[PDB]
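Reading through the structure tokens given below for one structure.
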Amino acid sequence: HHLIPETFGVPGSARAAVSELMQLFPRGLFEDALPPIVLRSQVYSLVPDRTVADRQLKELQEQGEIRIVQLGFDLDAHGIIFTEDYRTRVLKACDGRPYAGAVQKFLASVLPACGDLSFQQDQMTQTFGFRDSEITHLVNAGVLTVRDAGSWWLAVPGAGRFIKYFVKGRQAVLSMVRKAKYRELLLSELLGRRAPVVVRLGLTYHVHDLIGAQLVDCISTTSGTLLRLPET
Amino acid sequence: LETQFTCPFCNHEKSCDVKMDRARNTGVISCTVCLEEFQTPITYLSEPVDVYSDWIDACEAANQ
Amino acid sequence: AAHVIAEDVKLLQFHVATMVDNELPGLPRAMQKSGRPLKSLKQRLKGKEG
Amino acid sequence: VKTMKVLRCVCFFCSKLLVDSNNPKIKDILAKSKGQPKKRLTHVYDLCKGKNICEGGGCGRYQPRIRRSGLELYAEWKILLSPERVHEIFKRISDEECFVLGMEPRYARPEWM
Amino acid sequence: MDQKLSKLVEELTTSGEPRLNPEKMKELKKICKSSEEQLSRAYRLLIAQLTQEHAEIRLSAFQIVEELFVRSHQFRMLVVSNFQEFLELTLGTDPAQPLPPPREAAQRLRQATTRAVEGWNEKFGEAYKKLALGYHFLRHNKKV
Amino acid sequence: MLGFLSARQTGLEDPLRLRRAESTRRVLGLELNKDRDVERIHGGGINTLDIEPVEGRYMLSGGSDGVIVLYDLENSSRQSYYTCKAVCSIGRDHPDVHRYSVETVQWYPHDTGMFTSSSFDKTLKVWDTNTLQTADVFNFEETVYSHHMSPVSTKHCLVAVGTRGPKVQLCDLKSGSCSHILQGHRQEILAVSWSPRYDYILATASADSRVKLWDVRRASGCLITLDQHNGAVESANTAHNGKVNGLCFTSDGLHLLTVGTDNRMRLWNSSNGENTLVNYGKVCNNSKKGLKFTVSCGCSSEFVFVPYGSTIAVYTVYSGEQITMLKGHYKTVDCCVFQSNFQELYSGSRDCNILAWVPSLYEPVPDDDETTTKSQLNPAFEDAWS
Ligand SMILES: [Zn+2]
Ligand SMILES: [Zn+2]
């Protein structure tokens with residue numbers, strides 16, 4: 001109280017943040033074929049300490065609550081998905097298809113036991129006993145995509161629809177800030193504006209992404225939160 | 001003719017590109033490794049290798 | 001060294017190429033000693049004499 | 001040349017066709033080109049050549065811009081495209097997908113090239 | 001308040017006039033004098049307005065900046081804190097971000113900026129270290 | 001302050017606490033050139049700086065002009081404001097001068113009588129500081145991006161050299177050997193750095209996106225490849241989704257910082273390569289050549305000073321928190337170096353300035369009864385709304 005405070009002049013969990021962001025996701029736009037995806041960027045909009053956010057996310061991965069998938073549209077583009085949504089939607093999509101049994105094997109064996117974003121052929125062949133034809137079934141199912149010879153990303157079937165809408169929406173919503181007067185826009189005014197037809201995923205979902213990705217700076221004002229293009 | 005050149009400062013080969021800003025009669029050569037840049041007046045006869053030669057000459061003129 | 005193995009795979013590619021077609025446009029001819037060009041499988045099949 | 005053309009017609013990552021086989025514009029091909037595999041490839045290629053994203057289903061991943069130089073292939077980002085891994089992606093193209101490329105897989109799967 | 005600042009800076013910078021309206025600039029000075037918060041928002045408005053892809057808006061906002069820089073320490077601190085970008089916006093020191101058309105307004109902007117910056121260097125550069133560094137950078141390294 | 005002084009005088013707190021607290025407060029108070037200029041000798045950008053480890057009095061500088069400048073940092077004038085003057089220079093008139101830009105200068109770690117320089121003219125040179133004559137010269141096939149001498153090795157005197165070639169090279173100054181190569185990397189090696197804890201452990205970073213730790217005694221190949229995902233030893237591991245262009249061990253040697261052109265900085269456990277998952281946000285890094293950056297020493301928090309475009313970003317290493325942006329230079333900053341004794345930071349940039357950042361905690365105090373000899377309220381600080 002009288003010494004240690006002199007040393008220098010300098011609470012939402014990732015689980016709560018993920019659970020809130022997951023409700024912004026428009027399930028009907030994909031006929032619920034996609035499991036709800038939250039980007040890792042958006043989690044940093046609700047949990048500003050990025051280190052605490054990342055460590056809590058790693059712990060949710062180790063409990064098996066969430067999957068992290070690489071979305072490939074940007075270097076940091078990681079989608080966060082609840083394991084039970086992922087597993088249900090993929091099994092529902094596999095019912096009676098020819099690749100189905102290998103996908104049931106993957107969801108019963110690899111994903112319960114591995115947190116990895118990617119798998120190498122050594123592990124797939126010798127540790128999990130996949131035949132080379134079963135990897136082909138998994139790629140046809142969309143649960144893997146080729147990273148490099150003998151290596152694959154974990155993937156979400158149909159992610160292209162989301163990724164298309166997200167990339168165009170992101171550029172749209174960023175241009176709404178860029179084109180507005182002073183390049184400034186008040187967040188309440190933006191969220192009240194009739195979203196572009198390009199912004200199919202919703203406007204709040206994108207402002208949380210933009211803030212988390214540091215593509216826009218928030219400034220606090222007496223008028224409320226203000227979006228700006230960053231001096232960069 | 002060659003349109004990519006070795007930087008006089010950083011010795012990286014094919015590291016310098018020329019931008020011919022004809023409308024302003026000025027030519028800029030820039031190195032992608034060290035971002036040293038030089039500007040010279042250009043004519044309609046002028047070509048990337050004339051801009052590079054002007055830059056090498058300006059460098060040897062500065063060594064005097 | 002990576003550039004040596006790159007040049008060696010490039011040379012293997014050139015020889016497997018000139019086995020099928022020794023009349024490539026942008027590459028040297030494969031030749032015997034004394035410099036005569038080798039007849040490829042394509043030149044065996046191609047022309048009026050092929 | 002066939003290797004280059006097939007690379008421009010499939011996803012460099014998921015090895016599905018870069019255009020939807022279900023789209024009317026492709027069902028037109030599959031009606032108007034029965035027994036004419038070279039015609040199928042030509043009409044699939046001139047649809048695919050303008051795509052850049054796998055959405056068309058699909059993953060979301062962007063696609064290269066491959067160019068030949070002699071016996072080398074350059075994949076635009078300037079990566080020289082290896083024949084291995086080209087083997088890998090071709091190896092994963094489905095028999096139903098390469099059938100729409102006009103390559104009856106009973107006799108000429110693309111990785112054999 | 002903020003709406004009055006907004007309208008004043010629009011009517012000053014969409015004006016296309018060769019010189020500021022003295023009465024509206026008097027109102028803008030009165031606002032800036034009245035509140036550090038409004039002066040800070042005026043700076044953040046003008047720097048954004050100096051980005052406009054039209055040289056007469058840049059010239060007007062620069063003329064406002066010149067009028068205010070002589071008049072407040074806090075505004076001098078703000079402007080000098082971003083002087084690298086400011087000079088990119090007003091002399092075009094980055095050839096990837098050149099001054100917008102028209103040339104006839106760009107020559108006015110470039111001359112007025114050179115004269116202003118040399119005056120600020122003489123009047124303030126010994127106090128604002130980054131201003132003296134900026135002047136040296138212009139004079140010797142961009143060879144202005 | 002007075003609390004710290006009381007607690008120290010009474011032995012309530014270990015003298016360590018005042019010292020580390022005040023050192024931290026000084027780093028938080030860094031201001032541009034507050035008391036101090038550095039003499040402009042260079043005509044080109046300042047690629048590299050190195051402060052002498054024995055006394056911290058002298059700073060070597062290397063530039064894109066190929067000049068090496070030696071500066072004295074101590075104020076041997078009696079004024080409160082002074083210039084860090086150039087003691088001597090290896091200018092373009094010198095016979096042994098480098099032909100192309102000088103990309104790393106380092107003092108010999110054990111005394112000031114020798115220093116080393118490398119350049120894109122494909123040379124490493126060993127200089128006798130008293131005479132500025134070269135004593136030995138090493139030539140390479142490829143342009144040198146980085147070199148380092150081990151800060152703690154007394155047993156060996158090996159210079160690691162990173163070049164555009166894929167193989168790390170080791171020059172033994174004692175024997176004159178330069179034949180020894182390490183063969184694990186696949187592209188240009190942009191940063192090399194010896195561990196400050198262990199004589200024989202060398203970190204190497206490359207455009208291949210890999211950081212590898214070597215024990216240079218071995219015939220075995222490298223020890224560890226850093227995997228940013230933590231899951232496998234070599235086949236696919238990358239530290240960054242881009243070129244890795246800067247290394248800095250923390251001052252205890254227990255962690256390695258890395259920066260890369262994915263615009264991320266990452267902290268690694270040096271004993272096994274585990275990514276510590278500290279997240280610093282976007283750290284802007286476009287540089288296609290090696291980036292030199294530094295940690296603090298002797299503070300309560302360990303800071304890192306990193307070039308961030310034209311600014312120097314300050315972070316708390318373990319917390320990830322961004323503390324400040326030092327906002328002086330007009331072009332990209334290429335290096336910064338930390339004076340541990342007085343918490344003063346020096347920075348080199350392509351704007352050709354060397355800037356001193358110095359703790360500016362409080363001003364000289366007037367006496368109100370003075371007429372004009374006061375600490376002057378210069379009119380440049382005054383408003384003039386009239
Ligand atoms: Zn260069
Ligand atoms: Zn795909």
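Every chain in the structure tokens has a letter given in the order shown (A, B, ...), and although residue numbers restart at 1 in each chain, ligands are simply numbered from 1 in the order shown.
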
### Query
Can you list, as a ChimeraX atom specification, every protein, DNA or RNA residue that comes within 12 Å of range 6-14 of chain C when you count only C-alpha atoms, leaving out same-chain residues fewer than 2 positions away?
/C:1-4,16-24,26-30 /D:70-73,80,82-83 /F:186

N, CA, C and O atoms of the current selection, written as a short mmCIF file (atom, residue, chain, number, x, y, z; two decimals), in the first residue's frame:
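Writing done, so here's selection_23.cif:
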```cif
data_model
loop_
_atom_site.label_atom_id
_atom_site.label_comp_id
_atom_site.auth_asym_id
_atom_site.auth_seq_id
_atom_site.Cartn_x
_atom_site.Cartn_y
_atom_site.Cartn_z
N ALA C 1 23.78 -29.45 -51.31
CA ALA C 1 23.26 -28.10 -51.40
C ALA C 1 22.03 -28.07 -52.30
O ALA C 1 21.96 -28.77 -53.31
N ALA C 2 21.06 -27.25 -51.90
CA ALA C 2 19.77 -27.21 -52.59
C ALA C 2 19.89 -26.79 -54.05
O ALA C 2 19.17 -27.30 -54.90
N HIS C 3 20.80 -25.86 -54.35
CA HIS C 3 20.95 -25.44 -55.74
C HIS C 3 21.63 -26.51 -56.60
O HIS C 3 21.30 -26.65 -57.78
N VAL C 4 22.51 -27.31 -56.01
CA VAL C 4 23.09 -28.45 -56.73
C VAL C 4 22.03 -29.50 -57.03
O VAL C 4 21.95 -30.01 -58.16
N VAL C 16 15.37 -37.02 -69.54
CA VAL C 16 14.09 -37.68 -69.77
C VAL C 16 13.29 -36.96 -70.84
O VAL C 16 12.57 -37.59 -71.62
N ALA C 17 13.41 -35.64 -70.92
CA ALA C 17 12.73 -34.89 -71.97
C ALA C 17 13.30 -35.20 -73.35
O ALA C 17 12.56 -35.47 -74.29
N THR C 18 14.62 -35.12 -73.50
CA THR C 18 15.22 -35.34 -74.80
C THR C 18 15.18 -36.80 -75.24
O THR C 18 15.41 -37.08 -76.42
N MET C 19 14.90 -37.73 -74.33
CA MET C 19 14.58 -39.08 -74.76
C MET C 19 13.29 -39.13 -75.57
O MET C 19 13.22 -39.83 -76.59
N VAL C 20 12.26 -38.40 -75.15
CA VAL C 20 11.03 -38.36 -75.92
C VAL C 20 11.09 -37.35 -77.06
O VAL C 20 10.72 -37.66 -78.19
N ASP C 21 11.56 -36.13 -76.80
CA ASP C 21 11.57 -35.10 -77.84
C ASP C 21 12.87 -34.31 -77.78
O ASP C 21 13.05 -33.48 -76.89
N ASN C 22 13.76 -34.58 -78.73
CA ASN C 22 15.03 -33.88 -78.88
C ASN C 22 14.94 -32.68 -79.80
O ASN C 22 15.97 -32.24 -80.33
N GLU C 23 13.75 -32.13 -80.01
CA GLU C 23 13.58 -30.97 -80.87
C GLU C 23 12.90 -29.83 -80.11
O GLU C 23 12.14 -29.05 -80.68
N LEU C 24 13.17 -29.76 -78.81
CA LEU C 24 12.64 -28.69 -77.97
C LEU C 24 13.09 -27.32 -78.47
O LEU C 24 14.18 -27.17 -79.03
N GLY C 26 13.57 -24.26 -76.82
CA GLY C 26 14.27 -23.32 -75.98
C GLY C 26 15.42 -23.92 -75.20
O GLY C 26 15.89 -23.34 -74.22
N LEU C 27 15.86 -25.10 -75.62
CA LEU C 27 16.86 -25.87 -74.90
C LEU C 27 17.86 -26.41 -75.91
O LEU C 27 17.55 -26.50 -77.10
N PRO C 28 19.07 -26.75 -75.48
CA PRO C 28 20.05 -27.30 -76.41
C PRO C 28 19.66 -28.70 -76.86
O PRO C 28 18.92 -29.43 -76.19
N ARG C 29 20.19 -29.08 -78.03
CA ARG C 29 20.04 -30.44 -78.52
C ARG C 29 20.88 -31.41 -77.70
O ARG C 29 22.03 -31.12 -77.34
N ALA C 30 20.31 -32.57 -77.41
CA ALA C 30 21.10 -33.69 -76.94
C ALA C 30 21.90 -34.28 -78.09
O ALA C 30 21.40 -34.42 -79.21
N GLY D 70 10.02 -23.29 -70.47
CA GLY D 70 10.72 -24.48 -70.90
C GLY D 70 10.13 -25.76 -70.36
O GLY D 70 9.02 -26.15 -70.73
N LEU D 71 10.86 -26.42 -69.48
CA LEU D 71 10.39 -27.62 -68.80
C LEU D 71 10.00 -27.33 -67.37
O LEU D 71 9.54 -28.24 -66.67
N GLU D 72 10.18 -26.09 -66.92
CA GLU D 72 9.79 -25.65 -65.59
C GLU D 72 8.39 -25.06 -65.58
O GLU D 72 7.96 -24.43 -66.55
N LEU D 73 7.71 -25.25 -64.47
CA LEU D 73 6.46 -24.56 -64.15
C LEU D 73 6.72 -23.56 -63.03
O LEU D 73 7.34 -23.91 -62.02
N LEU D 80 8.43 -22.20 -58.10
CA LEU D 80 8.53 -23.25 -59.10
C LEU D 80 7.80 -24.49 -58.61
O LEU D 80 8.15 -25.06 -57.57
N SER D 82 6.70 -28.05 -58.08
CA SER D 82 7.33 -29.37 -58.12
C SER D 82 6.43 -30.40 -58.79
O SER D 82 5.21 -30.35 -58.63
N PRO D 83 7.01 -31.37 -59.50
CA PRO D 83 6.21 -32.50 -59.99
C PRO D 83 5.66 -33.40 -58.91
O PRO D 83 4.53 -33.88 -59.02
N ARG F 186 17.78 -24.36 -45.58
CA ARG F 186 17.46 -24.46 -47.00
C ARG F 186 17.43 -23.13 -47.74
O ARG F 186 17.39 -23.14 -48.97
#
```

### Task
Residues within 6 Å of ligand 2, counting only C-alpha atoms and all ligand atoms: report them as a ChimeraX atom specification.
/D:11,13-14,54,58-59,61

Can you write just those residues out, C-alpha atoms, as a PDB file, in the first residue's frame?
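Result saved to result-v4.pdb:
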```pdb
ATOM      1  CA  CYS D  11      -8.637 -26.988 -56.444  1.00  0.00           C
ATOM      2  CA  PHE D  13      -5.934 -28.027 -52.065  1.00  0.00           C
ATOM      3  CA  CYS D  14      -9.138 -30.054 -51.952  1.00  0.00           C
ATOM      4  CA  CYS D  54     -12.653 -22.545 -54.360  1.00  0.00           C
ATOM      5  CA  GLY D  58     -15.580 -25.945 -51.575  1.00  0.00           C
ATOM      6  CA  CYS D  59     -12.903 -24.878 -49.227  1.00  0.00           C
ATOM      7  CA  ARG D  61      -8.627 -21.276 -50.502  1.00  0.00           C
TER       8      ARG D  61
END
```

### Task
Return the single residue from D:1, D:96, D:15, D:45 that is closest to residue 29 in chain D, with distances computed using only C-alpha atoms.
D:45

### Message
Taking only C-alpha atoms and all ligand atoms into account, list the residues no farther than 9 Å from ligand 1, as a ChimeraX atom specification.
### Response
/B:6-13,15-16,30-37 /F:64,101

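Across D:69, D:63, D:3, D:33, the tightest approach to chain A is made by D:63 when counting only C-alpha atoms.
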
### Exercise: range 204-206 of chain F partners within 7 Å, only C-alpha atoms, chain neighbours under 5 positions left out, as an NGL selection string
:F and (187-193 or 211-213 or 243-245)

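Closest approach to chain A from the set F:308, F:362, F:108, F:268 is made by F:308, with distances taken over only C-alpha atoms.
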
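Distance criterion 8 Å to chain B, applied with only C-alpha atoms, yields residues 64, 65, 92, 100, 101, 120, 121, 143, 287, 288 and 289 of chain F on chain F.
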
Write a file of the just-selected residues containing C-alpha atoms, as a PDB file, in the first residue's frame.
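The resulting file, again-v8.pdb, is shown below:
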```pdb
ATOM      1  CA  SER F  64      24.929   1.579 -45.961  1.00  0.00           C
ATOM      2  CA  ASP F  65      27.789   3.835 -47.078  1.00  0.00           C
ATOM      3  CA  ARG F  92      35.938   5.808 -47.766  1.00  0.00           C
ATOM      4  CA  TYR F 100      29.266  -2.285 -49.757  1.00  0.00           C
ATOM      5  CA  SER F 101      26.909  -1.684 -46.857  1.00  0.00           C
ATOM      6  CA  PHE F 120      27.473  -7.287 -48.280  1.00  0.00           C
ATOM      7  CA  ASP F 121      30.885  -7.191 -49.900  1.00  0.00           C
ATOM      8  CA  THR F 143      26.656 -11.698 -48.994  1.00  0.00           C
ATOM      9  CA  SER F 287      12.412  -5.925 -43.770  1.00  0.00           C
ATOM     10  CA  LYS F 288      13.961  -8.188 -46.397  1.00  0.00           C
ATOM     11  CA  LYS F 289      17.235  -8.138 -44.456  1.00  0.00           C
TER      12      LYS F 289
END
```

### Query
Residues of chain B within 12 Å of chain E, using only C-alpha atoms, as a list in words?
residues 19, 21, 23, 24, 26, 27, 28, 29, 30, 35, 36, 37, 38 and 39 of chain B

Given the selection you just returned, output its residues as a file containing N, CA, C and O atoms, formatted as a tab-separated table (two decimals), in the first residue's frame.
```
chain	number	residue	atom	x	y	z
B	19	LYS	N	10.81	2.79	-62.35
B	19	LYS	CA	9.47	3.31	-62.62
B	19	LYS	C	9.60	4.55	-63.50
B	19	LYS	O	10.15	5.57	-63.08
B	21	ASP	N	7.94	7.45	-64.80
B	21	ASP	CA	6.83	8.39	-64.63
B	21	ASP	C	6.83	9.43	-65.75
B	21	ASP	O	7.15	10.60	-65.57
B	23	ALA	N	4.66	11.08	-67.43
B	23	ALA	CA	3.85	12.29	-67.33
B	23	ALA	C	4.55	13.41	-66.57
B	23	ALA	O	4.30	14.59	-66.84
B	24	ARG	N	5.43	13.08	-65.64
B	24	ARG	CA	6.19	14.10	-64.93
B	24	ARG	C	7.64	14.18	-65.40
B	24	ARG	O	8.44	14.89	-64.78
B	26	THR	N	10.04	12.22	-65.03
B	26	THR	CA	10.96	11.81	-63.98
B	26	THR	C	10.97	10.29	-63.85
B	26	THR	O	9.94	9.63	-64.01
B	27	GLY	N	12.16	9.74	-63.61
B	27	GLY	CA	12.35	8.32	-63.42
B	27	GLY	C	12.89	7.95	-62.05
B	27	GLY	O	13.87	8.55	-61.61
B	28	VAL	N	12.27	6.99	-61.37
B	28	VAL	CA	12.69	6.55	-60.04
B	28	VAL	C	13.19	5.12	-60.11
B	28	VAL	O	12.50	4.24	-60.63
B	29	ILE	N	14.39	4.88	-59.58
B	29	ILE	CA	14.93	3.54	-59.40
B	29	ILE	C	15.01	3.23	-57.91
B	29	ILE	O	15.51	4.05	-57.13
B	30	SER	N	14.49	2.07	-57.52
B	30	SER	CA	14.36	1.70	-56.12
B	30	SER	C	14.86	0.28	-55.91
B	30	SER	O	14.52	-0.62	-56.69
B	35	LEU	N	15.89	-0.38	-50.04
B	35	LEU	CA	15.04	0.78	-50.28
B	35	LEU	C	15.81	2.08	-50.48
B	35	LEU	O	15.29	3.16	-50.21
B	36	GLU	N	17.04	2.00	-50.97
B	36	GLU	CA	17.68	3.18	-51.54
B	36	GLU	C	17.00	3.54	-52.85
B	36	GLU	O	16.76	2.67	-53.69
B	37	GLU	N	16.69	4.81	-53.03
B	37	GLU	CA	15.97	5.27	-54.21
B	37	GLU	C	16.70	6.46	-54.82
B	37	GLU	O	17.35	7.23	-54.12
B	38	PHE	N	16.59	6.58	-56.14
B	38	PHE	CA	17.17	7.70	-56.86
B	38	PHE	C	16.20	8.19	-57.92
B	38	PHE	O	15.48	7.40	-58.53
B	39	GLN	N	16.18	9.51	-58.13
B	39	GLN	CA	15.30	10.13	-59.12
B	39	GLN	C	16.14	10.92	-60.10
B	39	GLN	O	17.05	11.65	-59.71
```

Once DSSP has gone over the backbone, tell me which residues of chain C are in alpha helix (DSSP H), as an mmCIF file with N, CA, C and O atoms, in the first residue's frame.
```
data_model
loop_
_atom_site.group_PDB
_atom_site.id
_atom_site.type_symbol
_atom_site.label_atom_id
_atom_site.label_comp_id
_atom_site.auth_asym_id
_atom_site.auth_seq_id
_atom_site.Cartn_x
_atom_site.Cartn_y
_atom_site.Cartn_z
ATOM 1 N N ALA C 2 21.055 -27.250 -51.902
ATOM 2 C CA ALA C 2 19.768 -27.212 -52.587
ATOM 3 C C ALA C 2 19.893 -26.792 -54.045
ATOM 4 O O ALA C 2 19.165 -27.301 -54.904
ATOM 5 N N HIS C 3 20.796 -25.861 -54.353
ATOM 6 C CA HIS C 3 20.955 -25.442 -55.744
ATOM 7 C C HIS C 3 21.632 -26.506 -56.601
ATOM 8 O O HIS C 3 21.298 -26.648 -57.783
ATOM 9 N N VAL C 4 22.512 -27.311 -56.011
ATOM 10 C CA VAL C 4 23.085 -28.446 -56.730
ATOM 11 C C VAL C 4 22.027 -29.501 -57.033
ATOM 12 O O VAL C 4 21.949 -30.007 -58.156
ATOM 13 N N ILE C 5 21.223 -29.880 -56.039
ATOM 14 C CA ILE C 5 20.164 -30.856 -56.290
ATOM 15 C C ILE C 5 19.103 -30.310 -57.239
ATOM 16 O O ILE C 5 18.548 -31.056 -58.054
ATOM 17 N N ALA C 6 18.824 -29.011 -57.180
ATOM 18 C CA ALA C 6 17.958 -28.387 -58.176
ATOM 19 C C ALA C 6 18.531 -28.506 -59.584
ATOM 20 O O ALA C 6 17.821 -28.888 -60.521
ATOM 21 N N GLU C 7 19.820 -28.208 -59.751
ATOM 22 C CA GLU C 7 20.460 -28.343 -61.060
ATOM 23 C C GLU C 7 20.521 -29.794 -61.534
ATOM 24 O O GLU C 7 20.365 -30.071 -62.728
ATOM 25 N N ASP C 8 20.708 -30.738 -60.615
ATOM 26 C CA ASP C 8 20.716 -32.149 -60.987
ATOM 27 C C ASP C 8 19.338 -32.668 -61.390
ATOM 28 O O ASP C 8 19.224 -33.427 -62.358
ATOM 29 N N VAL C 9 18.285 -32.312 -60.655
ATOM 30 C CA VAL C 9 16.934 -32.667 -61.094
ATOM 31 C C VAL C 9 16.597 -31.982 -62.411
ATOM 32 O O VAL C 9 15.926 -32.560 -63.271
ATOM 33 N N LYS C 10 17.066 -30.754 -62.600
ATOM 34 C CA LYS C 10 16.922 -30.094 -63.892
ATOM 35 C C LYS C 10 17.606 -30.866 -65.017
ATOM 36 O O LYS C 10 17.051 -30.999 -66.115
ATOM 37 N N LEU C 11 18.783 -31.425 -64.755
ATOM 38 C CA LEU C 11 19.468 -32.220 -65.772
ATOM 39 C C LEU C 11 18.777 -33.561 -66.027
ATOM 40 O O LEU C 11 18.682 -34.006 -67.178
ATOM 41 N N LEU C 12 18.291 -34.218 -64.976
ATOM 42 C CA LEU C 12 17.486 -35.423 -65.165
ATOM 43 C C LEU C 12 16.238 -35.136 -65.989
ATOM 44 O O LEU C 12 15.868 -35.915 -66.874
ATOM 45 N N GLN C 13 15.550 -34.045 -65.673
ATOM 46 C CA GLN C 13 14.399 -33.617 -66.448
ATOM 47 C C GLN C 13 14.762 -33.379 -67.906
ATOM 48 O O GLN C 13 14.034 -33.804 -68.806
ATOM 49 N N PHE C 14 15.899 -32.732 -68.162
ATOM 50 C CA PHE C 14 16.337 -32.512 -69.539
ATOM 51 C C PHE C 14 16.611 -33.812 -70.284
ATOM 52 O O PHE C 14 16.265 -33.937 -71.463
ATOM 53 N N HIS C 15 17.215 -34.794 -69.623
ATOM 54 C CA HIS C 15 17.492 -36.058 -70.303
ATOM 55 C C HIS C 15 16.243 -36.898 -70.536
ATOM 56 O O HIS C 15 16.058 -37.445 -71.632
ATOM 57 N N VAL C 16 15.372 -37.020 -69.538
ATOM 58 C CA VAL C 16 14.093 -37.683 -69.774
ATOM 59 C C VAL C 16 13.289 -36.960 -70.845
ATOM 60 O O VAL C 16 12.568 -37.594 -71.621
ATOM 61 N N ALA C 17 13.407 -35.638 -70.923
ATOM 62 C CA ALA C 17 12.731 -34.889 -71.973
ATOM 63 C C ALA C 17 13.302 -35.198 -73.350
ATOM 64 O O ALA C 17 12.557 -35.474 -74.292
ATOM 65 N N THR C 18 14.615 -35.117 -73.501
ATOM 66 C CA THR C 18 15.222 -35.342 -74.802
ATOM 67 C C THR C 18 15.185 -36.800 -75.236
ATOM 68 O O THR C 18 15.413 -37.077 -76.416
ATOM 69 N N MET C 19 14.904 -37.733 -74.328
ATOM 70 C CA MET C 19 14.583 -39.084 -74.764
ATOM 71 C C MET C 19 13.293 -39.131 -75.573
ATOM 72 O O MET C 19 13.219 -39.829 -76.590
ATOM 73 N N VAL C 20 12.264 -38.400 -75.150
ATOM 74 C CA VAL C 20 11.026 -38.363 -75.922
ATOM 75 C C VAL C 20 11.093 -37.349 -77.059
ATOM 76 O O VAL C 20 10.721 -37.663 -78.193
ATOM 77 N N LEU C 41 12.396 -40.791 -79.642
ATOM 78 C CA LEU C 41 11.210 -41.579 -79.975
ATOM 79 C C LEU C 41 10.227 -40.804 -80.850
ATOM 80 O O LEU C 41 9.623 -41.365 -81.778
ATOM 81 N N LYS C 42 10.101 -39.502 -80.612
ATOM 82 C CA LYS C 42 9.257 -38.673 -81.461
ATOM 83 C C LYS C 42 9.775 -38.627 -82.888
ATOM 84 O O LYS C 42 8.990 -38.691 -83.836
ATOM 85 N N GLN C 43 11.081 -38.471 -83.069
ATOM 86 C CA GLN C 43 11.617 -38.409 -84.421
ATOM 87 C C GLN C 43 11.517 -39.761 -85.115
ATOM 88 O O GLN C 43 11.384 -39.821 -86.341
ATOM 89 N N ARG C 44 11.576 -40.847 -84.348
ATOM 90 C CA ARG C 44 11.257 -42.167 -84.877
ATOM 91 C C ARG C 44 9.836 -42.249 -85.409
ATOM 92 O O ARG C 44 9.593 -42.877 -86.441
ATOM 93 N N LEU C 45 8.882 -41.637 -84.721
ATOM 94 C CA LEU C 45 7.495 -41.800 -85.144
ATOM 95 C C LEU C 45 7.024 -40.778 -86.172
ATOM 96 O O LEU C 45 6.161 -41.100 -86.994
#
```

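With distances taken over only C-alpha atoms, A:160 is the one residue among A:160, A:202, A:192, A:230 lying closest to chain D.
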
### Task
Compute the chain A side of the contact with chain D at 8 Å, counting only C-alpha atoms, and hand it back as a PyMOL selection string.
chain A and resi 71-73+136+139-140+142+144-150+156-164

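Residues surrounding range 320-333 of chain F within 7 Å are residues 51 of chain A; 84 and 130 of chain E; 32, 278, 279, 280, 307, 309, 310, 311, 312, 313, 314, 315, 316, 317, 318, 335, 348, 349, 350 and 351 of chain F [only C-alpha atoms; sequence separation below 2 positions excluded].
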
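Using only C-alpha atoms, the chain F residues found within 10 Å of chain C amount to residues 165, 166, 167, 183, 184, 185, 186 and 187 of chain F.
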